[PDB]
>>> print(open('protein-v4.pdb').read())   # PDB, C-alpha atoms and all ligand atoms
ATOM      1  CA  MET U   1       7.279 -16.590 -19.783  1.00  0.00           C
ATOM      2  CA  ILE U   2       6.333 -15.079 -16.422  1.00  0.00           C
ATOM      3  CA  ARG U   3       9.385 -14.936 -14.149  1.00  0.00           C
ATOM      4  CA  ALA U   4       8.370 -12.274 -11.595  1.00  0.00           C
ATOM      5  CA  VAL U   5       5.294 -11.581  -9.461  1.00  0.00           C
ATOM      6  CA  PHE U   6       4.944  -8.130  -7.882  1.00  0.00           C
ATOM      7  CA  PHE U   7       2.536  -7.122  -5.116  1.00  0.00           C
ATOM      8  CA  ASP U   8       1.090  -3.892  -3.785  1.00  0.00           C
ATOM      9  CA  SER U   9       1.004  -3.325  -0.018  1.00  0.00           C
ATOM     10  CA  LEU U  10      -2.185  -1.967   1.554  1.00  0.00           C
ATOM     11  CA  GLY U  11      -5.248  -4.014   0.642  1.00  0.00           C
ATOM     12  CA  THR U  12      -3.123  -6.765  -0.937  1.00  0.00           C
ATOM     13  CA  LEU U  13      -0.706  -8.031   1.738  1.00  0.00           C
ATOM     14  CA  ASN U  14      -1.796  -6.185   4.903  1.00  0.00           C
ATOM     15  CA  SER U  15      -5.489  -5.816   5.664  1.00  0.00           C
ATOM     16  CA  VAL U  16      -7.393  -2.555   5.339  1.00  0.00           C
ATOM     17  CA  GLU U  17      -9.257  -3.675   8.466  1.00  0.00           C
ATOM     18  CA  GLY U  18      -6.044  -3.845  10.482  1.00  0.00           C
ATOM     19  CA  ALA U  19      -4.966  -0.457   9.146  1.00  0.00           C
ATOM     20  CA  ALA U  20      -8.352   0.992  10.116  1.00  0.00           C
ATOM     21  CA  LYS U  21      -7.976  -0.441  13.622  1.00  0.00           C
ATOM     22  CA  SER U  22      -4.441   0.966  13.805  1.00  0.00           C
ATOM     23  CA  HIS U  23      -5.523   4.358  12.460  1.00  0.00           C
ATOM     24  CA  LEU U  24      -8.250   4.578  15.108  1.00  0.00           C
ATOM     25  CA  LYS U  25      -5.856   3.846  17.975  1.00  0.00           C
ATOM     26  CA  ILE U  26      -3.439   6.361  16.445  1.00  0.00           C
ATOM     27  CA  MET U  27      -6.036   9.140  16.579  1.00  0.00           C
ATOM     28  CA  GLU U  28      -6.947   7.957  20.087  1.00  0.00           C
ATOM     29  CA  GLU U  29      -3.391   8.328  21.392  1.00  0.00           C
ATOM     30  CA  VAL U  30      -3.084  11.697  19.634  1.00  0.00           C
ATOM     31  CA  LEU U  31      -6.218  13.037  21.335  1.00  0.00           C
ATOM     32  CA  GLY U  32      -6.006  11.335  24.718  1.00  0.00           C
ATOM     33  CA  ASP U  33      -8.558  13.102  26.909  1.00  0.00           C
ATOM     34  CA  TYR U  34      -9.345  15.830  24.365  1.00  0.00           C
ATOM     35  CA  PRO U  35     -13.140  16.208  23.846  1.00  0.00           C
ATOM     36  CA  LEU U  36     -13.051  15.181  20.176  1.00  0.00           C
ATOM     37  CA  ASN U  37     -14.607  11.944  18.946  1.00  0.00           C
ATOM     38  CA  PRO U  38     -11.556  10.042  17.620  1.00  0.00           C
ATOM     39  CA  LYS U  39     -13.845   8.551  14.958  1.00  0.00           C
ATOM     40  CA  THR U  40     -14.657  12.022  13.621  1.00  0.00           C
ATOM     41  CA  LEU U  41     -10.946  12.868  13.592  1.00  0.00           C
ATOM     42  CA  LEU U  42     -10.228   9.692  11.616  1.00  0.00           C
ATOM     43  CA  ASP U  43     -12.931  10.312   9.000  1.00  0.00           C
ATOM     44  CA  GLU U  44     -11.618  13.846   8.483  1.00  0.00           C
ATOM     45  CA  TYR U  45      -8.063  12.482   8.401  1.00  0.00           C
ATOM     46  CA  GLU U  46      -8.992   9.978   5.686  1.00  0.00           C
ATOM     47  CA  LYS U  47     -10.770  12.662   3.650  1.00  0.00           C
ATOM     48  CA  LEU U  48      -7.754  14.988   3.710  1.00  0.00           C
ATOM     49  CA  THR U  49      -5.306  12.165   2.965  1.00  0.00           C
ATOM     50  CA  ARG U  50      -7.404  10.933   0.036  1.00  0.00           C
ATOM     51  CA  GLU U  51      -7.350  14.457  -1.407  1.00  0.00           C
ATOM     52  CA  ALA U  52      -3.584  14.669  -0.880  1.00  0.00           C
ATOM     53  CA  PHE U  53      -2.808  11.314  -2.502  1.00  0.00           C
ATOM     54  CA  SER U  54      -4.959  12.268  -5.498  1.00  0.00           C
ATOM     55  CA  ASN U  55      -2.982  15.487  -6.002  1.00  0.00           C
ATOM     56  CA  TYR U  56       0.304  13.522  -6.004  1.00  0.00           C
ATOM     57  CA  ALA U  57      -0.707  10.519  -8.129  1.00  0.00           C
ATOM     58  CA  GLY U  58       1.801  10.072 -10.940  1.00  0.00           C
ATOM     59  CA  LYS U  59       3.765  13.139  -9.806  1.00  0.00           C
ATOM     60  CA  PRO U  60       7.317  13.584  -8.473  1.00  0.00           C
ATOM     61  CA  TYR U  61       7.896  12.037  -5.069  1.00  0.00           C
ATOM     62  CA  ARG U  62       7.404  13.986  -1.847  1.00  0.00           C
ATOM     63  CA  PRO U  63       8.051  12.315   1.531  1.00  0.00           C
ATOM     64  CA  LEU U  64       4.821  10.790   2.811  1.00  0.00           C
ATOM     65  CA  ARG U  65       5.893  11.843   6.308  1.00  0.00           C
ATOM     66  CA  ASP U  66       5.725  15.477   5.187  1.00  0.00           C
ATOM     67  CA  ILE U  67       2.360  15.002   3.461  1.00  0.00           C
ATOM     68  CA  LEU U  68       0.751  13.298   6.461  1.00  0.00           C
ATOM     69  CA  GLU U  69       2.311  15.597   9.067  1.00  0.00           C
ATOM     70  CA  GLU U  70       0.886  18.476   7.024  1.00  0.00           C
ATOM     71  CA  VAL U  71      -2.632  17.014   7.181  1.00  0.00           C
ATOM     72  CA  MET U  72      -2.474  16.368  10.926  1.00  0.00           C
ATOM     73  CA  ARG U  73      -1.083  19.838  11.640  1.00  0.00           C
ATOM     74  CA  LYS U  74      -4.140  21.196   9.817  1.00  0.00           C
ATOM     75  CA  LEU U  75      -6.463  18.946  11.832  1.00  0.00           C
ATOM     76  CA  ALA U  76      -4.785  19.926  15.109  1.00  0.00           C
ATOM     77  CA  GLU U  77      -5.246  23.634  14.398  1.00  0.00           C
ATOM     78  CA  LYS U  78      -8.821  23.010  13.229  1.00  0.00           C
ATOM     79  CA  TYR U  79      -9.966  21.206  16.387  1.00  0.00           C
ATOM     80  CA  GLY U  80      -7.627  22.834  18.911  1.00  0.00           C
ATOM     81  CA  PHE U  81      -5.669  19.873  20.279  1.00  0.00           C
ATOM     82  CA  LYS U  82      -1.889  19.778  20.534  1.00  0.00           C
ATOM     83  CA  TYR U  83      -0.126  18.616  17.392  1.00  0.00           C
ATOM     84  CA  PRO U  84       1.830  15.494  18.467  1.00  0.00           C
ATOM     85  CA  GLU U  85       5.424  15.979  17.341  1.00  0.00           C
ATOM     86  CA  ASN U  86       5.828  12.175  17.535  1.00  0.00           C
ATOM     87  CA  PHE U  87       2.904  11.520  15.166  1.00  0.00           C
ATOM     88  CA  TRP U  88       5.155   9.579  12.789  1.00  0.00           C
ATOM     89  CA  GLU U  89       6.481   7.369  15.594  1.00  0.00           C
ATOM     90  CA  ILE U  90       2.956   6.774  16.916  1.00  0.00           C
ATOM     91  CA  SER U  91       1.748   5.779  13.448  1.00  0.00           C
ATOM     92  CA  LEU U  92       4.681   3.370  13.106  1.00  0.00           C
ATOM     93  CA  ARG U  93       4.177   1.743  16.512  1.00  0.00           C
ATOM     94  CA  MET U  94       0.408   1.275  16.238  1.00  0.00           C
ATOM     95  CA  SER U  95       0.617   0.095  12.622  1.00  0.00           C
ATOM     96  CA  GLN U  96       3.124  -2.576  13.665  1.00  0.00           C
ATOM     97  CA  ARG U  97       1.212  -3.844  16.718  1.00  0.00           C
ATOM     98  CA  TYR U  98      -2.262  -4.116  15.162  1.00  0.00           C
ATOM     99  CA  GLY U  99      -1.415  -4.562  11.483  1.00  0.00           C
ATOM    100  CA  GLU U 100      -2.101  -8.030  10.135  1.00  0.00           C
ATOM    101  CA  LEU U 101      -1.670 -10.017   6.935  1.00  0.00           C
ATOM    102  CA  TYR U 102      -4.500 -11.598   5.008  1.00  0.00           C
ATOM    103  CA  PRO U 103      -4.745 -15.293   5.946  1.00  0.00           C
ATOM    104  CA  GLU U 104      -3.189 -16.546   2.686  1.00  0.00           C
ATOM    105  CA  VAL U 105      -0.301 -14.084   2.231  1.00  0.00           C
ATOM    106  CA  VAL U 106       2.513 -16.179   3.713  1.00  0.00           C
ATOM    107  CA  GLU U 107       1.314 -19.308   1.900  1.00  0.00           C
ATOM    108  CA  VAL U 108       1.231 -17.500  -1.452  1.00  0.00           C
ATOM    109  CA  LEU U 109       4.561 -15.718  -0.956  1.00  0.00           C
ATOM    110  CA  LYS U 110       6.274 -19.019  -0.128  1.00  0.00           C
ATOM    111  CA  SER U 111       4.816 -20.942  -3.074  1.00  0.00           C
ATOM    112  CA  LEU U 112       6.064 -18.225  -5.436  1.00  0.00           C
ATOM    113  CA  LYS U 113       9.550 -17.562  -4.068  1.00  0.00           C
ATOM    114  CA  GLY U 114      12.168 -19.893  -5.508  1.00  0.00           C
ATOM    115  CA  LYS U 115      10.157 -20.356  -8.698  1.00  0.00           C
ATOM    116  CA  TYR U 116       9.688 -16.673  -9.582  1.00  0.00           C
ATOM    117  CA  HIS U 117      11.051 -13.317  -8.511  1.00  0.00           C
ATOM    118  CA  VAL U 118       8.856 -11.989  -5.692  1.00  0.00           C
ATOM    119  CA  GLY U 119       8.730  -8.229  -5.259  1.00  0.00           C
ATOM    120  CA  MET U 120       6.719  -5.431  -3.710  1.00  0.00           C
ATOM    121  CA  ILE U 121       5.865  -2.107  -5.356  1.00  0.00           C
ATOM    122  CA  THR U 122       4.366   0.454  -2.987  1.00  0.00           C
ATOM    123  CA  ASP U 123       3.570   4.162  -2.690  1.00  0.00           C
ATOM    124  CA  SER U 124       5.345   4.773   0.598  1.00  0.00           C
ATOM    125  CA  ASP U 125       8.637   5.950   2.010  1.00  0.00           C
ATOM    126  CA  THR U 126      11.209   3.174   2.075  1.00  0.00           C
ATOM    127  CA  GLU U 127      11.725   3.394   5.845  1.00  0.00           C
ATOM    128  CA  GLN U 128       8.078   2.659   6.648  1.00  0.00           C
ATOM    129  CA  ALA U 129       7.756  -0.042   3.981  1.00  0.00           C
ATOM    130  CA  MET U 130      10.698  -1.947   5.474  1.00  0.00           C
ATOM    131  CA  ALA U 131       9.631  -1.435   9.093  1.00  0.00           C
ATOM    132  CA  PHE U 132       6.133  -2.711   8.302  1.00  0.00           C
ATOM    133  CA  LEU U 133       7.370  -5.780   6.418  1.00  0.00           C
ATOM    134  CA  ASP U 134       9.621  -6.502   9.407  1.00  0.00           C
ATOM    135  CA  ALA U 135       6.808  -6.096  11.940  1.00  0.00           C
ATOM    136  CA  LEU U 136       4.708  -8.506   9.858  1.00  0.00           C
ATOM    137  CA  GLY U 137       7.592 -10.975   9.529  1.00  0.00           C
ATOM    138  CA  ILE U 138       7.576 -11.240   5.723  1.00  0.00           C
ATOM    139  CA  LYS U 139      10.495  -9.006   4.708  1.00  0.00           C
ATOM    140  CA  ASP U 140      12.666 -12.043   3.901  1.00  0.00           C
ATOM    141  CA  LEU U 141      10.035 -13.393   1.472  1.00  0.00           C
ATOM    142  CA  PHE U 142      10.736 -10.691  -1.143  1.00  0.00           C
ATOM    143  CA  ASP U 143      13.549 -10.572  -3.682  1.00  0.00           C
ATOM    144  CA  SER U 144      12.957  -6.848  -4.266  1.00  0.00           C
ATOM    145  CA  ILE U 145      11.233  -3.967  -2.487  1.00  0.00           C
ATOM    146  CA  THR U 146      10.572  -0.935  -4.692  1.00  0.00           C
ATOM    147  CA  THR U 147       9.119   2.332  -3.420  1.00  0.00           C
ATOM    148  CA  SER U 148       8.059   5.667  -4.860  1.00  0.00           C
ATOM    149  CA  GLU U 149      10.914   7.196  -2.853  1.00  0.00           C
ATOM    150  CA  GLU U 150      13.461   5.134  -4.794  1.00  0.00           C
ATOM    151  CA  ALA U 151      11.913   5.755  -8.216  1.00  0.00           C
ATOM    152  CA  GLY U 152      11.190   9.444  -7.585  1.00  0.00           C
ATOM    153  CA  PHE U 153       7.536   9.318  -8.657  1.00  0.00           C
ATOM    154  CA  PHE U 154       4.224   8.109  -7.264  1.00  0.00           C
ATOM    155  CA  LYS U 155       2.104   5.511  -9.005  1.00  0.00           C
ATOM    156  CA  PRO U 156       0.856   5.247 -11.698  1.00  0.00           C
ATOM    157  CA  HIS U 157       4.046   6.867 -12.992  1.00  0.00           C
ATOM    158  CA  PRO U 158       5.858   4.170 -15.020  1.00  0.00           C
ATOM    159  CA  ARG U 159       9.240   4.795 -13.362  1.00  0.00           C
ATOM    160  CA  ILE U 160       8.369   2.889 -10.183  1.00  0.00           C
ATOM    161  CA  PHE U 161       7.378  -0.132 -12.276  1.00  0.00           C
ATOM    162  CA  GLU U 162      10.407   0.300 -14.552  1.00  0.00           C
ATOM    163  CA  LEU U 163      12.622   0.208 -11.461  1.00  0.00           C
ATOM    164  CA  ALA U 164      10.906  -2.921 -10.135  1.00  0.00           C
ATOM    165  CA  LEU U 165      11.419  -4.765 -13.428  1.00  0.00           C
ATOM    166  CA  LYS U 166      15.043  -3.617 -13.621  1.00  0.00           C
ATOM    167  CA  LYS U 167      15.721  -4.893 -10.095  1.00  0.00           C
ATOM    168  CA  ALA U 168      14.369  -8.279 -11.201  1.00  0.00           C
ATOM    169  CA  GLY U 169      16.133  -8.228 -14.574  1.00  0.00           C
ATOM    170  CA  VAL U 170      13.003  -9.122 -16.560  1.00  0.00           C
ATOM    171  CA  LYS U 171      10.883  -7.506 -19.237  1.00  0.00           C
ATOM    172  CA  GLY U 172       7.428  -6.188 -18.440  1.00  0.00           C
ATOM    173  CA  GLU U 173       5.887  -9.009 -20.469  1.00  0.00           C
ATOM    174  CA  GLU U 174       7.568 -11.473 -18.073  1.00  0.00           C
ATOM    175  CA  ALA U 175       6.065  -9.899 -14.932  1.00  0.00           C
ATOM    176  CA  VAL U 176       2.757  -9.875 -13.061  1.00  0.00           C
ATOM    177  CA  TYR U 177       1.467  -7.128 -10.767  1.00  0.00           C
ATOM    178  CA  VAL U 178      -1.222  -7.644  -8.118  1.00  0.00           C
ATOM    179  CA  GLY U 179      -3.141  -4.861  -6.390  1.00  0.00           C
ATOM    180  CA  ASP U 180      -6.557  -3.506  -5.481  1.00  0.00           C
ATOM    181  CA  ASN U 181      -6.394  -0.040  -7.103  1.00  0.00           C
ATOM    182  CA  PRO U 182      -7.568  -0.299 -10.744  1.00  0.00           C
ATOM    183  CA  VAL U 183      -6.007   2.972 -11.948  1.00  0.00           C
ATOM    184  CA  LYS U 184      -2.707   3.057 -10.047  1.00  0.00           C
ATOM    185  CA  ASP U 185      -2.043  -0.668 -10.489  1.00  0.00           C
ATOM    186  CA  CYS U 186      -3.630  -2.109 -13.641  1.00  0.00           C
ATOM    187  CA  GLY U 187      -3.224   1.157 -15.541  1.00  0.00           C
ATOM    188  CA  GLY U 188       0.308   1.881 -14.367  1.00  0.00           C
ATOM    189  CA  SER U 189       1.607  -1.659 -14.863  1.00  0.00           C
ATOM    190  CA  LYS U 190      -0.118  -2.072 -18.242  1.00  0.00           C
ATOM    191  CA  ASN U 191       2.046   0.725 -19.673  1.00  0.00           C
ATOM    192  CA  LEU U 192       5.050  -1.628 -19.459  1.00  0.00           C
ATOM    193  CA  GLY U 193       3.270  -4.719 -20.789  1.00  0.00           C
ATOM    194  CA  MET U 194       2.944  -6.359 -17.377  1.00  0.00           C
ATOM    195  CA  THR U 195       0.082  -8.754 -16.723  1.00  0.00           C
ATOM    196  CA  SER U 196      -2.291  -6.985 -14.331  1.00  0.00           C
ATOM    197  CA  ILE U 197      -4.208  -8.940 -11.685  1.00  0.00           C
ATOM    198  CA  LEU U 198      -6.865  -6.962  -9.828  1.00  0.00           C
ATOM    199  CA  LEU U 199      -7.548  -8.053  -6.245  1.00  0.00           C
ATOM    200  CA  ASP U 200     -11.209  -7.457  -5.339  1.00  0.00           C
ATOM    201  CA  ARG U 201     -11.590  -9.290  -2.036  1.00  0.00           C
ATOM    202  CA  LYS U 202     -15.120  -7.978  -1.406  1.00  0.00           C
ATOM    203  CA  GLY U 203     -16.294  -7.739  -5.026  1.00  0.00           C
ATOM    204  CA  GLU U 204     -16.721  -3.960  -4.794  1.00  0.00           C
ATOM    205  CA  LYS U 205     -14.781  -3.014  -7.958  1.00  0.00           C
ATOM    206  CA  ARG U 206     -16.842  -4.724 -10.674  1.00  0.00           C
ATOM    207  CA  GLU U 207     -16.913  -1.468 -12.660  1.00  0.00           C
ATOM    208  CA  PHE U 208     -13.149  -1.806 -13.309  1.00  0.00           C
ATOM    209  CA  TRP U 209     -12.919  -5.541 -14.060  1.00  0.00           C
ATOM    210  CA  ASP U 210     -13.056  -5.172 -17.852  1.00  0.00           C
ATOM    211  CA  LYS U 211      -9.732  -3.264 -17.957  1.00  0.00           C
ATOM    212  CA  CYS U 212      -7.443  -5.496 -15.874  1.00  0.00           C
ATOM    213  CA  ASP U 213      -6.184  -8.755 -17.360  1.00  0.00           C
ATOM    214  CA  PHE U 214      -7.389 -10.884 -14.431  1.00  0.00           C
ATOM    215  CA  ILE U 215      -9.514 -10.428 -11.316  1.00  0.00           C
ATOM    216  CA  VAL U 216      -9.156 -12.494  -8.137  1.00  0.00           C
ATOM    217  CA  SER U 217     -10.659 -12.415  -4.650  1.00  0.00           C
ATOM    218  CA  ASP U 218      -7.853 -14.426  -3.006  1.00  0.00           C
ATOM    219  CA  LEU U 219      -4.105 -14.312  -3.594  1.00  0.00           C
ATOM    220  CA  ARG U 220      -4.039 -18.119  -3.869  1.00  0.00           C
ATOM    221  CA  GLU U 221      -5.544 -17.644  -7.345  1.00  0.00           C
ATOM    222  CA  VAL U 222      -2.396 -15.810  -8.484  1.00  0.00           C
ATOM    223  CA  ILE U 223      -0.322 -19.008  -8.593  1.00  0.00           C
ATOM    224  CA  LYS U 224      -3.003 -20.592 -10.785  1.00  0.00           C
ATOM    225  CA  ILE U 225      -2.913 -17.727 -13.293  1.00  0.00           C
ATOM    226  CA  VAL U 226       0.891 -17.794 -13.462  1.00  0.00           C
ATOM    227  CA  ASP U 227       0.704 -21.510 -14.286  1.00  0.00           C
ATOM    228  CA  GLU U 228      -2.084 -21.106 -16.854  1.00  0.00           C
ATOM    229  CA  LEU U 229       0.085 -18.555 -18.674  1.00  0.00           C
ATOM    230  CA  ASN U 230       3.359 -20.503 -18.439  1.00  0.00           C
TER
HETATM  231  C1  LIG Z 301      -2.127   5.654   8.584  1.00  0.00           C
HETATM  232  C2  LIG Z 301      -1.015   4.650   8.883  1.00  0.00           C
HETATM  233  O1  LIG Z 301      -1.284   3.520   9.112  1.00  0.00           O
HETATM  234  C3  LIG Z 301       0.446   5.098   8.885  1.00  0.00           C
HETATM  235  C4  LIG Z 301       0.767   6.430   8.682  1.00  0.00           C
HETATM  236  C5  LIG Z 301       2.094   6.830   8.685  1.00  0.00           C
HETATM  237  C6  LIG Z 301       3.098   5.897   8.890  1.00  0.00           C
HETATM  238  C7  LIG Z 301       2.776   4.566   9.093  1.00  0.00           C
HETATM  239  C8  LIG Z 301       1.450   4.166   9.090  1.00  0.00           C
END
>>> encode(input="protein-v4.pdb", output="structure tokens", more="lines below")
Ligand SMILES: *CC(=O)c1ccccc1
Amino acid sequence: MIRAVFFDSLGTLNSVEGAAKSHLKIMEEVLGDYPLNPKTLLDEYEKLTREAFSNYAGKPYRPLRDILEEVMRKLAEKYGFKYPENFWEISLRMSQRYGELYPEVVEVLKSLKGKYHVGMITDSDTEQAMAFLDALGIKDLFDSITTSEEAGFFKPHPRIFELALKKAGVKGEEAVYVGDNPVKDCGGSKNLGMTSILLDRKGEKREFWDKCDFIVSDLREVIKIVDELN
């Protein structure tokens, strides 16, 4: 019996498009009048951050603020502009003003809460996860918010999932996890017997469909699956 439904953050609740728009305005405010194409700075920022997150996958937690400030200090020295000491604050402000939820998030979160435990499991520092849920107005729709900072390990380490299930007081077999990253999400949640639901909004992850238990393009399909199984 499924009694809990857990969600990832980026790509599941808040749109990658909104994050890309926010990230661009972040690099813009960092550069100001500096003669560096903010688009080139962003592409290089995403390349370095992808490499960093890959090195830390499944490993002990390190503050994301430190990891990202390290990347931007390297980019500042590379291109010659002043490292903004308030980079973290700028990222928070812009993320909150231009971040947006997918059109069906609130509807889905409401239909689930009350019937099942509704939780989030995210690779991010707890401060930023809470501030972003608040800026998007959906913090009160979750019964639990579980972060790599709390568990001490990044996904797909099982501890972050273990902690989520413990907060809800359910077994893995009684829980669903929804996300768009086949390895960190389906693989990490499958270790505990959770039902994995892959979210492929644009149908770009067909090569990983055969490993996750279910695949959906819209979160409104999650409620259907939970009913089919119960
Ligand atoms: C990249 C991005 O959106 C971000 C980075 C650090 C803190 C908050 C948001």
>>> closest_atom_pairs(input="protein-v4.pdb", of="range 178-206 of chain U", to="range 120-133 of chain U", cutoff="10 Å", atoms="only C-alpha atoms", output="Markdown table")
| residue | atom | partner | partner_atom | distance |
| --- | --- | --- | --- | --- |
| U:178 | CA | U:120 | CA | 9.3 |
| U:179 | CA | U:121 | CA | 9.5 |
| U:184 | CA | U:123 | CA | 9.7 |
| U:185 | CA | U:121 | CA | 9.5 |
>>> closest_residue(input="protein-v4.pdb", among="U:9, U:91, U:217, U:14", to="ligand LIG 301 (chain Z)", atoms="all atoms listed in the file")
U:91
>>> residues_near_ligand(input="protein-v4.pdb", ligand="ligand LIG 301 (chain Z)", cutoff="7 Å", atoms="only C-alpha atoms and all ligand atoms", output="PyMOL selection string")
chain U and resi 19+22-23+65+68+88+91-92+95+128
>>> write_last_selection(input="protein-v4.pdb", atoms="C-alpha atoms", output="PDB file, keeping the file's coordinate frame")
ATOM      1  CA  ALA U  19      -4.966  -0.457   9.146  1.00  0.00           C
ATOM      2  CA  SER U  22      -4.441   0.966  13.805  1.00  0.00           C
ATOM      3  CA  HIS U  23      -5.523   4.358  12.460  1.00  0.00           C
ATOM      4  CA  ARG U  65       5.893  11.843   6.308  1.00  0.00           C
ATOM      5  CA  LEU U  68       0.751  13.298   6.461  1.00  0.00           C
ATOM      6  CA  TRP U  88       5.155   9.579  12.789  1.00  0.00           C
ATOM      7  CA  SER U  91       1.748   5.779  13.448  1.00  0.00           C
ATOM      8  CA  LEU U  92       4.681   3.370  13.106  1.00  0.00           C
ATOM      9  CA  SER U  95       0.617   0.095  12.622  1.00  0.00           C
ATOM     10  CA  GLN U 128       8.078   2.659   6.648  1.00  0.00           C
TER      11      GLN U 128
END
>>> atom_distance(input="protein-v4.pdb", atom1="CA of residue 2 in chain U", atom2="CA of residue 188 in chain U")
18.1 Å
>>> atom_distance(input="protein-v4.pdb", atom1="CA of residue 196 in chain U", atom2="CA of residue 166 in chain U")
17.7 Å
>>> atom_distance(input="protein-v4.pdb", atom1="CA of residue 143 in chain U", atom2="CA of residue 57 in chain U")
25.8 Å
>>> closest_residue(input="protein-v4.pdb", among="U:155, U:171, U:59, U:47", to="residue 194 in chain U", atoms="only C-alpha atoms")
U:171
>>> closest_residue(input="protein-v4.pdb", among="U:136, U:216, U:118, U:13", to="residue 164 in chain U", atoms="only C-alpha atoms")
U:118
>>> resolve_selection(input="protein-v4.pdb", expression="the PyMOL selection byres (((chain U and resi 180) around 7) and not hetatm)", output="PyMOL selection string")
chain U and resi 11-12+179+181-182+198-200
>>> resolve_selection(input="protein-v4.pdb", expression="the PyMOL selection byres (((chain U and resi 108-114) around 12) and not hetatm)", output="number ranges by chain")
U: 2-7, 12-13, 101-107, 115-120, 137-144, 176, 218-227
>>> closest_residue(input="protein-v4.pdb", among="U:100, U:86, U:153, U:158", to="residue 134 in chain U", atoms="all atoms listed in the file")
U:100
>>> residues_around(input="protein-v4.pdb", residues="residue 69 in chain U", least_positions_apart="5", cutoff="9 Å", atoms="only C-alpha atoms", output="VMD selection string")
chain U and resid 64 74 85 87 to 88
>>> residues_near_point(input="protein-v4.pdb", point="(-11.8, 12.8, 16.3)", cutoff="12 Å", atoms="all atoms listed in the file", output="PyMOL selection string")
chain U and resi 23-46+72+75-76+78-81
>>> closest_residue(input="protein-v4.pdb", among="U:83, U:56, U:210, U:201", to="residue 15 in chain U", atoms="all atoms listed in the file")
U:201
>>> closest_residue(input="protein-v4.pdb", among="U:49, U:62, U:205, U:212", to="residue 147 in chain U", atoms="only C-alpha atoms")
U:62
>>> axis_aligned_box(input="protein-v4.pdb", around="range 6-13 of chain U", padding_each_side="5 Å", output="JSON")
{"center_x": -0.2, "center_y": -5.0, "center_z": -3.1, "size_x": 20.2, "size_y": 16.2, "size_z": 19.6}
